[PDB]
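S.K.: The structure follows.
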Amino acid sequence: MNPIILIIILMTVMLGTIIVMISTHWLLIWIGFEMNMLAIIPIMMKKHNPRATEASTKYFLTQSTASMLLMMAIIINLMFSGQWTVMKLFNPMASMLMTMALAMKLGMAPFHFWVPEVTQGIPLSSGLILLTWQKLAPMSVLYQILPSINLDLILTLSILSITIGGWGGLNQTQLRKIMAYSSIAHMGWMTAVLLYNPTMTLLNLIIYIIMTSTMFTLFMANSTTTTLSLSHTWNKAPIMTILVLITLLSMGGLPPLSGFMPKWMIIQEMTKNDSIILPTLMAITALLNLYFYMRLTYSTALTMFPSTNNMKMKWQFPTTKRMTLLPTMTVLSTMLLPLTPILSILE
Amino acid sequence: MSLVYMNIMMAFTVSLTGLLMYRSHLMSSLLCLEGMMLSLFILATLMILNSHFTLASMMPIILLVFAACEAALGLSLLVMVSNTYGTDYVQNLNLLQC
Amino acid sequence: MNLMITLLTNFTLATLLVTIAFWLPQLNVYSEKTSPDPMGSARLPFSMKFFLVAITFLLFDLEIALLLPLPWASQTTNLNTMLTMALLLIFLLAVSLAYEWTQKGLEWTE
Amino acid sequence: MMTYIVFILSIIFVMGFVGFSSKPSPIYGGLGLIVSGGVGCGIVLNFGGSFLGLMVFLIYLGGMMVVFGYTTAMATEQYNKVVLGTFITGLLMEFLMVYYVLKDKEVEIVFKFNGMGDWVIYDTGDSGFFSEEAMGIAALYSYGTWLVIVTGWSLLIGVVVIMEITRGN
Amino acid sequence: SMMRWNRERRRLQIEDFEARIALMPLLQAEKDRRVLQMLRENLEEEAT
Amino acid sequence: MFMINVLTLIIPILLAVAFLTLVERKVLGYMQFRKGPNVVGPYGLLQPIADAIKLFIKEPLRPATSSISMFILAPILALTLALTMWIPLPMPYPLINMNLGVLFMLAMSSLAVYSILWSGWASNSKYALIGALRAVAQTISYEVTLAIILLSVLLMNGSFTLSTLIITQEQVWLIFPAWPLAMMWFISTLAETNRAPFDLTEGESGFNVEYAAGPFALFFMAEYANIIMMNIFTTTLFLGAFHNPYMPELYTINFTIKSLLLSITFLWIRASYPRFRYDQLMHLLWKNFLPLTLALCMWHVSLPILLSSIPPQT
Amino acid sequence: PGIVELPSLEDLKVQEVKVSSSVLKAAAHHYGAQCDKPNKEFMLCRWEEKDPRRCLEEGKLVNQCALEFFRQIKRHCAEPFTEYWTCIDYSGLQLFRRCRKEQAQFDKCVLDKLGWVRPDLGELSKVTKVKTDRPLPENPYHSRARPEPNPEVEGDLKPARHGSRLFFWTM
Amino acid sequence: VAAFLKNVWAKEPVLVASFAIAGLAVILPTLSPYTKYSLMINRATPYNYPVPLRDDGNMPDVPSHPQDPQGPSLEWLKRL
Ligand SMILES: CCCCCCCCCCCCCCCCCC(=O)OC[C@H](COP(=O)([O-])OC[C@H](O)COP(=O)([O-])OC[C@H](COC(=O)CCCCCCCCCCCCCCCCC)OC(=O)CCCCCCCCCCCCCCCCC)OC(=O)CCCCCCCCCCCCCCCCC
Ligand SMILES: CCCCCCCCCCCCCCCCCC(=O)OC[C@H](COP(=O)([O-])OCC[N+](C)(C)C)OC(=O)CCCCCCCCCCCCCCCCC
Ligand SMILES: CCCCCCCCCCCCCCCCCC(=O)OC[C@H](COP(=O)(O)OCCN)OC(=O)CCCCCCCCCCCCCCCCC
Ligand SMILES: CCCCCCCCCCCCCCCCCC(=O)OC[C@H](COP(=O)(O)OCCN)OC(=O)CCCCCCCCCCCCCCCCC
Ligand SMILES: CCCCCCCCCCCCCCCCCC(=O)OC[C@H](COP(=O)(O)OCCN)OC(=O)CCCCCCCCCCCCCCCCC
Ligand SMILES: CCCCCCCCCCCCCCCCCC(=O)OC[C@H](COP(=O)(O)OCCN)OC(=O)CCCCCCCCCCCCCCCCC
Ligand SMILES: CCCCCCCCCCC1=C(C)C(=O)C(OC)=C(OC)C1=O
């Protein structure tokens, strides 16, 4: 791609998400989602192979269906309220359709079935955009309509996302599908605390974006898309095994790491509202996520898989890749738990 | 409420269930998607013309234009699928199971 | 109402002439014909260029749809804003045409 | 009967969708969506949306379904039970809706719907020397500055996007 | 030529609009009595 | 009484299309230093009648169609659209006086490519389908400059009302402020009707070669109805005549003479030029007419504002 | 809810202005000049009361002052007015510009026999002021009392007592 | 700045005419003395009813009648 065209298209992706974040009219919400989808389609077809076209086709169909359900929710809101303010909705049918549309955009279960496919079909940078930046606009719309969201629906979507993202990653060896099922489980954790305390939703989103950006940046810096090529990292760059170790132990939520920070705070807000069974079962289900994280750490950091002979050639060349913000994101995704009361800046 | 809204919502649900149950062609899916858009256009239009809400009369045109651009993008994706397999059959798009 | 009558009359006269043109020479008993194209049986090769000119039509047609309320929009009292946005829409259609030019999109059907 | 005419068009509208949602072939489905666009345009025109109905013709039908039929004719090389069963299923469900809301003057599928003719919901005044819908669309250039900017930018970006993804390089 | 003639056409439009404006109070009074006539007839037949 | 008015619209359309074929053969005769038909009738006035009776008893060509239904629908759609383009035409009074008659005609002419597309797919010939796709791409290409030129002209009108376009041109023809729009408009209407030098359905297969003599004659007469109609619309749009409201036949005689001269100008352009190659009229549209059309659209937006010549809405 | 309060059919009886729209449009500028005061009293009452039932009598004054307008045309200048509205009436859009000599004869005859001056371009579209005796409505929308707002913030902003109070953090 | 202009007018007169007419359309309404009258004519066009004001007693600029001297005038439009 022309680098100017890449810059303009990424600015248009950012422009669509910012238009979702700043607008007060539902048509401009729908326009921001349309602009976001339209501009992110060339990011997914960056390498021009049939898997990228299949992934972009599946992504287009799911996001287009969600955009139509979003506009139907908007139009039913205009029926039953005669206005367009991006606020609570004035009909439970429009609220259900908008919650379904945003669950389709986030890829929350049972609308999750596109997320491990599309992330597999696209490069690591476009998968990073899809799993970090593409969550921000629907979580903003869910942030602003929470006086109308059905509790039973949002918690059903949450627990179904956490369980299916837990069981889905246990069978994987491809790293992008592992990050995609990790995405489904973490979006379940974000929407489970939305009606209780949306500041903890924003906290979980920020810590998730930091940890996912760290893991995709490590996968780009080591050029590894599979488990078994990630296991060659100790013979190529031994520091990267330490970094994937501490970041995967963070993403499982082990204290004293910072990925323990969101889910604990989520439990801290779900027991105030007299829900004990639900965050307990959520926390027990997150052990599955931690299990396949531990599988990746056993393959990469804590053991040494056998390498090949041609690795000895790559010993003579340092990494020329711009590992952008990788030490910053590595420090932030691990050593941030002593600064847990910083979360009040998200209120 | 009014009787024409029943038919326009039922049209949106019929085009929904057509778009949610693929047969073989991706073009038929795109036609169901644009039927969903057309019913949204009609429903928005009948409300805004009924309510005499003047500033939203430019709203359905916008709802047309973006979504037709969306349709263009969908057609382009279909063509790329058709330039890989020769057909736009949705069962050819199954490589991402593994 | 008069429009619907006129459409029905035009459609009925068209259907009547098509029925006459498909069934007046069927009354003859001419002969049965056995009758056993530049391409013989080769499948139609896809042209990327015909699809690109149709999509370029579709996108410029959407930009035209935006341009269509200008004879009404000239009547406004916010004329500086109206003129700025009219020139901006026609300029963005021109920038779309220029980008379609410079990346060789208008080639071999120029 | 003529007081129900928009309703009648809407019935045909729903019938037209059971045309292409059952998906016989994308070309007959294209034809069914064209007929659906024409009758939905008639529904729009009978409330006073003249400009919006001519946008359905010029831009949806004459603009976009032309490109759908054009792209479709460059595929699906020229020469079912599920289609026929789906079509009769949708038609019988729609005529049961018609029968219920005409025998009862009220129905409730998801929302409550009156069964009177939809002429009853109109306004009893005049708009003077202008169409209100024409002036609301004319306000796109005076009041709709941000909407014009984001729409024209999305169309320019859409041109760029189609030229990037249809190139293969 | 279009300058001179469209300025004349705007003046003729203002003359038509001021004829309309001068007629609107009579039409508004007749419209009010019209709709109250119809509502009183509907009320009496609802009563019977 | 209104049905009589519809019949006195659409039966003279068919008669004028019938004798336009004679006028074309005669005028193309004398421009080619020969005569046209003068044997069959006195001065050849029975040539269209004889040819209609010949074509309506010719053997049906009997194709194997991919679709029977669209093969029937394409002549029906062609004739229906070619007859409904006439009903808002103010000559001096339209049959249907509608507020948005210009946009109505632009819409109903945008729908005319489906007859070409459906007849191309309804044939089993792949080469006929390729010709249909080329003809549709040509027509939808020139519709872009139709819409933008037409918008730029109606910026001087004030509305989409076709009858207002007579009031607009009472002091001067609208070809004087808009002759570059008029000449690109005229060549774009020449390319809409697939008329020479843009007739690639006869340049070396047409989209409608599988039709029998009757239905192909119906396509042919829908095409000539479109030709006469677009010449009348161009006459109304740029050469608007004097109209005395107490004597409407003065306007009828005047627009009739101008529309006849413009149809003969179509006949005289096909007697003068070779065809374009297909990419060459694509080059003519996208790289020549469309940049000038966008530039003149900017000019005709900004020009009533800078001269204080904004036309009235009503 | 309540019962709607409609005026009786006797309260709606008035001597109508039974003339066609070309008669009204041909006399429109002199009607706006001569019948200014009851018309603007009625339209001020109509935009202030937002209820036609509260505006009936003024409306009757309109329907009383229009007739006295037309009788004074019928007593003096019936034939130039008749020729003029006939020429207006021929046009399907009822153009003023087609009928300037009949307008000139009617304006001449009215200016000589009644002294009425036809308003210039701009005058009938002016916003005028109306002296009334009816009171200004204190609640034309028939609205109830608004809810009291939430209590605002006041006072100095003290630091958080012993910090965040988040489980063990002392700041 | 002059050889390039004669070069592009020799090669591409369609595009030179296009950019020239577009440049005139951009810059010329800001240089025209009659752009003000377009605004003044569009605000002089009475689509709505001139809803009168209640005479409080102190409004010296608001007329009591259309034929009064005070109020907005259209002498500039009749004269130009
Ligand atoms: C005249 C103008 C100038 C005046 C100057 C006056 C000062 C002069 C001296 C200048 C230097 C001052 C340094 C800061 C003051 C002392 C802070 C302190 O000790 O807080 C006690 C703090 C609470 O004890 P305390 O008896 O209640 O308070 C005594 C004071 O009143 C403490 O006051 P407080 O109660 O107001 O403290 C507030 C609150 C008090 O704390 C709390 O409310 C409790 C919550 C604390 C965080 C708990 C997080 C639990 C989960 C994560 C566990 C971390 C893993 C362990 C480390 C892994 C390996 C690095 O602190 C925090 O929440 C901040 C977080 C902890 C950071 C403390 C400062 C560290 C600076 C250097 C960092 C180097 C790495 C240290 C280790 C990294 C982890 C801390 O102790 C702990 O939490 C124990 C953990 C160790 C704390 C860091 C010790 C700092 C000195 C390290 C030097 C050796 C470095 C060796 C190499 C690097 C490591 C391998
Ligand atoms: C409506 C009534 C009739 C209207 C007039 C039409 C009658 C004459 C018709 C003759 C027969 C035509 C048959 C088809 C012809 C097709 C070929 C053809 O002509 O192609 C078009 C040709 C194409 O030229 P070309 O393709 O030969 O040129 C070569 C181009 N390159 C280098 C790219 C290969 O010309 C145009 O596109 C021009 C269209 C009209 C332009 C009008 C411009 C008006 C002046 C503007 C201002 C200029 C000064 C600068 C600014 C000053 C400001 C103060
Ligand atoms: C309430 C919150 C509101 C919002 C707050 C802000 C949210 C920020 C969300 C961040 C989302 C980041 C999305 C990904 C980056 C986008 C640009 C991009 O595509 O970068 C990748 C780029 C592609 O280069 P390429 O050459 O294609 O690489 C493949 C190999 N050839 O280049 C590369 O591949 C270089 C390799 C390293 C790239 C690292 C990028 C990290 C970006 C995220 C930083 C962490 C988030 C910011 C801090 C927390 C904010 C909440
Ligand atoms: C009950 C009794 C009637 C039964 C049904 C019949 C209905 C009426 C049909 C028409 C009249 C019947 C006779 C037809 C012609 C017979 C005579 C004939 O052929 O005369 C030849 C003569 C020209 O001589 P020619 O041989 O051409 O010599 C060449 C010059 N050296 O030819 C001429 O001079 C010209 C001949 C013209 C033929 C008539 C005109 C055409 C038909 C008009 C009506 C039908 C079509 C209506 C319009 C259709 C759509 C356009
Ligand atoms: C394959 C199928 C068969 C194909 C061949 C036949 C169909 C194609 C050719 C005919 C196309 C039909 C077009 C019908 C609508 C045209 C638009 C229209 O109505 O514009 C005229 C006018 C708008 O102007 P305006 O003056 O503002 O309105 C009157 C206010 N005084 O508005 C009016 O005057 C409004 C009049 C009342 C409303 C008329 C509604 C018409 C009936 C519904 C649509 C019928 C066509 C459906 C099929 C389309 C093509 C598939
Ligand atoms: C600022 C006002 C608004 C401007 C934007 C709106 C313009 C309205 C018209 C829309 C035009 C859209 C398409 C424009 C594409 C331009 C790029 C281009 O065509 O480059 C290629 C061309 C050489 O053509 P080639 O590639 O060989 O194609 C085969 C034909 N020979 O290369 C060329 O021919 C060179 C073209 C550039 C030079 C043109 C100079 C004209 C100068 C006129 C006077 C100044 C007018 C004021 C504006 C500034 C212009 C720079
Ligand atoms: C309803 C039928 C009316 C009469 C038919 C149309 C008028 C006669 C046109 C004859 C004709 C001529 C002269 C003709 O030259 C020609 O070939 C190009 C045709 O197409 C096959 C024709 O149809």
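Residues are named by chain letter and number: chains run A, B, ... in the order of the structure tokens, numbers start at 1 in each chain, and ligands are numbered from 1 in the order shown.
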List the neighbours of residue 116 in chain D out to 12 Å using only C-alpha atoms; skip same-chain residues closer than 3 positions along the sequence, and give me the result as a list in words.

M.R.: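 Residues meeting the cut-off are residues 1, 2, 3 and 4 of chain B; 1, 3, 4, 5, 6, 7, 98, 101, 102, 103, 104, 105, 106, 107, 113, 119, 120 and 121 of chain D.
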
S.K.: May I have the residues from that selection written out with N, CA and C atoms, as a compact mmCIF listing (two decimals), in the first residue's frame?

M.R.:
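What landed in again-v4.txt:
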# COMPACT_ATOMS: atom_id res chain seq x y z
N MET B 1 -50.12 1.27 17.15
CA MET B 1 -49.72 2.30 16.23
C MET B 1 -50.20 2.02 14.82
N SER B 2 -49.64 2.78 13.88
CA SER B 2 -50.10 2.77 12.49
C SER B 2 -49.85 1.45 11.78
N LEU B 3 -50.65 1.21 10.75
CA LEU B 3 -50.73 -0.11 10.14
C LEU B 3 -49.61 -0.36 9.13
N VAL B 4 -49.10 0.69 8.49
CA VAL B 4 -48.05 0.51 7.50
C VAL B 4 -46.72 0.15 8.16
N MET D 1 -61.60 0.85 0.25
CA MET D 1 -60.55 0.04 -0.35
C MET D 1 -59.43 0.94 -0.84
N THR D 3 -59.03 3.87 0.42
CA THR D 3 -58.49 4.48 1.64
C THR D 3 -57.39 3.64 2.28
N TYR D 4 -57.22 2.39 1.86
CA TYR D 4 -56.20 1.50 2.39
C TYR D 4 -54.99 1.36 1.46
N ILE D 5 -54.86 2.25 0.47
CA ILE D 5 -54.03 1.97 -0.71
C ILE D 5 -52.55 1.85 -0.36
N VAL D 6 -52.08 2.68 0.58
CA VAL D 6 -50.69 2.62 1.02
C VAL D 6 -50.43 1.31 1.72
N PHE D 7 -51.37 0.91 2.59
CA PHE D 7 -51.37 -0.42 3.19
C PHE D 7 -51.29 -1.51 2.15
N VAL D 98 -52.59 -10.09 7.59
CA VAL D 98 -53.62 -9.27 6.96
C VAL D 98 -55.00 -9.65 7.48
N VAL D 101 -55.36 -8.50 11.28
CA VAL D 101 -55.45 -7.06 11.51
C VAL D 101 -56.62 -6.44 10.76
N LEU D 102 -57.22 -7.15 9.81
CA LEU D 102 -58.47 -6.67 9.22
C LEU D 102 -59.70 -7.18 9.96
N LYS D 103 -59.68 -8.40 10.50
CA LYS D 103 -60.84 -8.87 11.25
C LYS D 103 -60.93 -8.24 12.63
N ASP D 104 -59.83 -7.71 13.16
CA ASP D 104 -59.82 -7.22 14.53
C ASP D 104 -59.59 -5.72 14.63
N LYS D 105 -59.16 -5.07 13.54
CA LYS D 105 -58.72 -3.67 13.48
C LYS D 105 -57.60 -3.36 14.47
N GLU D 106 -56.84 -4.37 14.88
CA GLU D 106 -55.79 -4.30 15.88
C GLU D 106 -55.07 -5.64 15.89
N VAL D 107 -53.75 -5.61 16.04
CA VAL D 107 -52.96 -6.83 16.13
C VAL D 107 -51.75 -6.52 17.01
N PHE D 113 -50.52 -2.71 16.77
CA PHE D 113 -50.77 -2.03 15.51
C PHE D 113 -52.27 -1.85 15.33
N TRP D 119 -54.36 6.53 6.52
CA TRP D 119 -54.68 7.93 6.27
C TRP D 119 -55.02 8.68 7.54
N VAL D 120 -55.38 7.97 8.61
CA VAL D 120 -55.91 8.61 9.80
C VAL D 120 -54.86 9.40 10.56
N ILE D 121 -53.57 9.13 10.34
CA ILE D 121 -52.50 9.70 11.15
C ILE D 121 -51.94 10.98 10.56

S.K.: Pick out the chain D residues within 8 Å of chain F. Count only C-alpha atoms. Give them as a list in words.

M.R.: residues 50, 51, 54, 57, 58, 61, 62, 63, 66, 69, 70, 73, 78, 79, 129 and 130 of chain D

S.K.: Mind listing the residues within 7 Å of ligand 1, only C-alpha atoms and all ligand atoms counted, as a JSON list (two decimals) with N, CA and C atoms, in the first residue's frame?

M.R.:
[["chain", "number", "residue", "atom", "x", "y", "z"],
["A", 255, "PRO", "N", -1.82, -12.14, 40.62],
["A", 255, "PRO", "CA", -1.12, -11.13, 41.40],
["A", 255, "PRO", "C", 0.34, -11.52, 41.56],
["A", 256, "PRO", "N", 1.25, -10.54, 41.66],
["A", 256, "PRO", "CA", 1.05, -9.11, 41.86],
["A", 256, "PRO", "C", 1.03, -8.31, 40.56],
["A", 257, "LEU", "N", 0.65, -8.94, 39.46],
["A", 257, "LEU", "CA", 0.69, -8.28, 38.17],
["A", 257, "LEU", "C", -0.54, -7.40, 37.98],
["A", 337, "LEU", "N", -0.04, -2.73, 39.33],
["A", 337, "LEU", "CA", -0.92, -3.01, 40.47],
["A", 337, "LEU", "C", -0.69, -2.18, 41.73],
["A", 338, "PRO", "N", 0.55, -1.82, 42.15],
["A", 338, "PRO", "CA", 0.68, -0.86, 43.27],
["A", 338, "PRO", "C", 0.08, 0.51, 43.00],
["A", 339, "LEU", "N", -0.21, 0.84, 41.75],
["A", 339, "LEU", "CA", -0.92, 2.05, 41.39],
["A", 339, "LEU", "C", -2.38, 1.78, 41.05],
["G", 168, "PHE", "N", -6.10, -1.11, 51.19],
["G", 168, "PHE", "CA", -4.90, -0.99, 52.01],
["G", 168, "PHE", "C", -4.04, 0.19, 51.61],
["G", 169, "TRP", "N", -4.45, 0.92, 50.58],
["G", 169, "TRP", "CA", -3.65, 2.04, 50.12],
["G", 169, "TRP", "C", -3.88, 3.24, 51.03],
["G", 170, "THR", "N", -2.79, 3.74, 51.61],
["G", 170, "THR", "CA", -2.86, 4.83, 52.57],
["G", 170, "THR", "C", -2.96, 6.19, 51.90],
["G", 171, "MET", "N", -2.80, 6.27, 50.58],
["G", 171, "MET", "CA", -3.01, 7.52, 49.87],
["G", 171, "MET", "C", -4.11, 7.36, 48.83]]

S.K.: Find the nearest atom pair between each residue of chain C and chain H for residues within 12 Å, count only C-alpha atoms, give distances in Å to one decimal, sort rows by chain and ascending number, and present the table as CSV.

M.R.:
residue,atom,partner,partner_atom,distance
C:72,CA,H:42,CA,11.8
C:73,CA,H:42,CA,11.0
C:74,CA,H:42,CA,8.8
C:75,CA,H:42,CA,6.1
C:76,CA,H:42,CA,6.5
C:77,CA,H:42,CA,5.7
C:78,CA,H:39,CA,7.8
C:79,CA,H:39,CA,6.5
C:80,CA,H:39,CA,8.8
C:81,CA,H:39,CA,11.6
C:82,CA,H:39,CA,11.3
C:83,CA,H:29,CA,9.3
C:84,CA,H:26,CA,9.0
C:85,CA,H:26,CA,11.7
C:86,CA,H:26,CA,10.7
C:87,CA,H:26,CA,7.5
C:88,CA,H:26,CA,10.0
C:90,CA,H:22,CA,9.8
C:91,CA,H:22,CA,8.9
C:94,CA,H:22,CA,10.2
C:98,CA,H:15,CA,11.3

S.K.: Emit the selected residues as a compact mmCIF listing (two decimals), in the first residue's frame, including N, CA, C and O atoms.

M.R.:
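Now in result_23.txt:
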# COMPACT_ATOMS: atom_id res chain seq x y z
N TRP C 72 -32.62 24.02 -4.39
CA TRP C 72 -33.36 24.41 -3.20
C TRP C 72 -32.47 25.05 -2.16
O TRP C 72 -32.89 25.98 -1.47
N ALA C 73 -31.23 24.57 -2.03
CA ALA C 73 -30.32 25.06 -1.01
C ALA C 73 -29.81 26.45 -1.31
O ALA C 73 -29.33 27.13 -0.40
N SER C 74 -29.89 26.89 -2.56
CA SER C 74 -29.51 28.27 -2.87
C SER C 74 -30.47 29.30 -2.28
O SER C 74 -30.11 30.48 -2.23
N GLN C 75 -31.65 28.89 -1.84
CA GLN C 75 -32.64 29.80 -1.28
C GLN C 75 -32.41 30.11 0.20
O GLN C 75 -33.21 30.84 0.78
N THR C 76 -31.36 29.57 0.81
CA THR C 76 -31.18 29.73 2.24
C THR C 76 -30.66 31.13 2.58
O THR C 76 -30.26 31.91 1.71
N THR C 77 -30.68 31.44 3.87
CA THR C 77 -30.16 32.70 4.39
C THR C 77 -28.77 32.50 5.01
O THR C 77 -28.14 33.47 5.43
N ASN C 78 -28.29 31.27 5.07
CA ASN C 78 -26.90 31.01 5.44
C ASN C 78 -26.11 30.69 4.17
O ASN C 78 -25.65 29.57 3.95
N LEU C 79 -25.96 31.71 3.31
CA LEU C 79 -25.43 31.47 1.97
C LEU C 79 -23.93 31.23 1.94
O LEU C 79 -23.45 30.55 1.03
N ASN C 80 -23.18 31.80 2.88
CA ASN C 80 -21.74 31.56 2.90
C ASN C 80 -21.43 30.11 3.24
O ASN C 80 -20.60 29.47 2.58
N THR C 81 -22.14 29.56 4.23
CA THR C 81 -21.98 28.16 4.58
C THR C 81 -22.48 27.25 3.46
O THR C 81 -21.82 26.26 3.13
N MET C 82 -23.61 27.60 2.84
CA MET C 82 -24.17 26.81 1.75
C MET C 82 -23.22 26.76 0.56
O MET C 82 -22.99 25.70 -0.03
N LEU C 83 -22.66 27.92 0.18
CA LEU C 83 -21.73 27.97 -0.93
C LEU C 83 -20.45 27.23 -0.61
O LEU C 83 -19.91 26.53 -1.48
N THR C 84 -19.97 27.33 0.63
CA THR C 84 -18.77 26.60 1.04
C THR C 84 -18.99 25.09 0.97
O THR C 84 -18.14 24.36 0.45
N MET C 85 -20.14 24.61 1.42
CA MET C 85 -20.36 23.17 1.41
C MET C 85 -20.69 22.65 0.01
O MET C 85 -20.35 21.50 -0.30
N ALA C 86 -21.30 23.47 -0.84
CA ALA C 86 -21.53 23.08 -2.22
C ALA C 86 -20.22 22.96 -2.99
O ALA C 86 -19.99 21.97 -3.70
N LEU C 87 -19.34 23.96 -2.84
CA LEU C 87 -18.04 23.89 -3.47
C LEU C 87 -17.20 22.77 -2.88
O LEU C 87 -16.41 22.15 -3.60
N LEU C 88 -17.40 22.45 -1.60
CA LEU C 88 -16.65 21.36 -1.00
C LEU C 88 -17.12 20.01 -1.50
O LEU C 88 -16.30 19.12 -1.72
N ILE C 90 -18.56 19.43 -4.55
CA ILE C 90 -18.12 19.27 -5.93
C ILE C 90 -16.60 19.10 -5.99
O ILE C 90 -16.09 18.33 -6.81
N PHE C 91 -15.87 19.74 -5.08
CA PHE C 91 -14.43 19.54 -4.99
C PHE C 91 -14.07 18.14 -4.53
O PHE C 91 -13.08 17.58 -4.99
N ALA C 94 -14.45 15.99 -7.45
CA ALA C 94 -13.30 16.20 -8.32
C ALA C 94 -12.05 15.50 -7.78
O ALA C 94 -11.24 14.99 -8.56
N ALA C 98 -9.90 12.68 -9.53
CA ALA C 98 -8.46 12.81 -9.68
C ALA C 98 -7.73 11.59 -9.11
O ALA C 98 -6.74 11.14 -9.69

S.K.: Name the residues, by chain letter and number, that sit within 6 Å of ligand 7 using only C-alpha atoms and all ligand atoms, and give them as a ChimeraX atom specification.

M.R.: /F:18,21,48,51-52,216-217,220-221

S.K.: Can you write just those residues out, N, CA, C and O atoms, as an mmCIF file, in the first residue's frame?

M.R.:
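Final output, again_15.cif:
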data_model
loop_
_atom_site.group_PDB
_atom_site.id
_atom_site.type_symbol
_atom_site.label_atom_id
_atom_site.label_comp_id
_atom_site.auth_asym_id
_atom_site.auth_seq_id
_atom_site.Cartn_x
_atom_site.Cartn_y
_atom_site.Cartn_z
ATOM 1 N N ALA F 18 -42.903 6.139 -35.949
ATOM 2 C CA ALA F 18 -43.066 5.435 -37.217
ATOM 3 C C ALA F 18 -42.511 6.246 -38.377
ATOM 4 O O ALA F 18 -41.737 5.734 -39.190
ATOM 5 N N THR F 21 -38.488 6.998 -38.754
ATOM 6 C CA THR F 21 -37.704 6.036 -39.520
ATOM 7 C C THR F 21 -37.636 6.422 -40.993
ATOM 8 O O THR F 21 -36.565 6.353 -41.616
ATOM 9 N N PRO F 48 -42.867 3.109 -43.671
ATOM 10 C CA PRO F 48 -42.997 2.581 -42.303
ATOM 11 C C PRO F 48 -44.164 1.632 -42.118
ATOM 12 O O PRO F 48 -44.048 0.686 -41.333
ATOM 13 N N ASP F 51 -43.129 -1.667 -43.629
ATOM 14 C CA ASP F 51 -42.105 -2.297 -42.820
ATOM 15 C C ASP F 51 -42.671 -2.838 -41.511
ATOM 16 O O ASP F 51 -42.251 -3.905 -41.059
ATOM 17 N N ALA F 52 -43.653 -2.151 -40.925
ATOM 18 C CA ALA F 52 -44.322 -2.662 -39.732
ATOM 19 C C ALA F 52 -45.094 -3.940 -40.028
ATOM 20 O O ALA F 52 -45.042 -4.898 -39.243
ATOM 21 N N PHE F 216 -37.954 -6.987 -31.427
ATOM 22 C CA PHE F 216 -36.855 -6.096 -31.777
ATOM 23 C C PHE F 216 -37.369 -4.794 -32.374
ATOM 24 O O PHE F 216 -36.765 -3.739 -32.157
ATOM 25 N N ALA F 217 -38.493 -4.840 -33.096
ATOM 26 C CA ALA F 217 -39.129 -3.609 -33.545
ATOM 27 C C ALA F 217 -39.662 -2.796 -32.373
ATOM 28 O O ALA F 217 -39.673 -1.563 -32.430
ATOM 29 N N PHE F 220 -36.723 -1.079 -30.954
ATOM 30 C CA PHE F 220 -36.321 -0.044 -31.893
ATOM 31 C C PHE F 220 -37.209 1.185 -31.770
ATOM 32 O O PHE F 220 -36.724 2.326 -31.797
ATOM 33 N N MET F 221 -38.506 0.968 -31.586
ATOM 34 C CA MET F 221 -39.399 2.105 -31.475
ATOM 35 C C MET F 221 -39.331 2.741 -30.095
ATOM 36 O O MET F 221 -39.539 3.950 -29.976
#

S.K.: When you get a sec, could you note down which chain C residues fall within 12 Å of chain B, using only C-alpha atoms, as a list in words?

M.R.: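 So the residues of chain C near chain B are residues 43, 44, 45, 46, 47, 48, 49, 50, 51, 52, 53, 54, 55, 56, 57, 58, 59, 60, 61, 62, 63, 64, 65, 66, 67, 68 and 69 of chain C.
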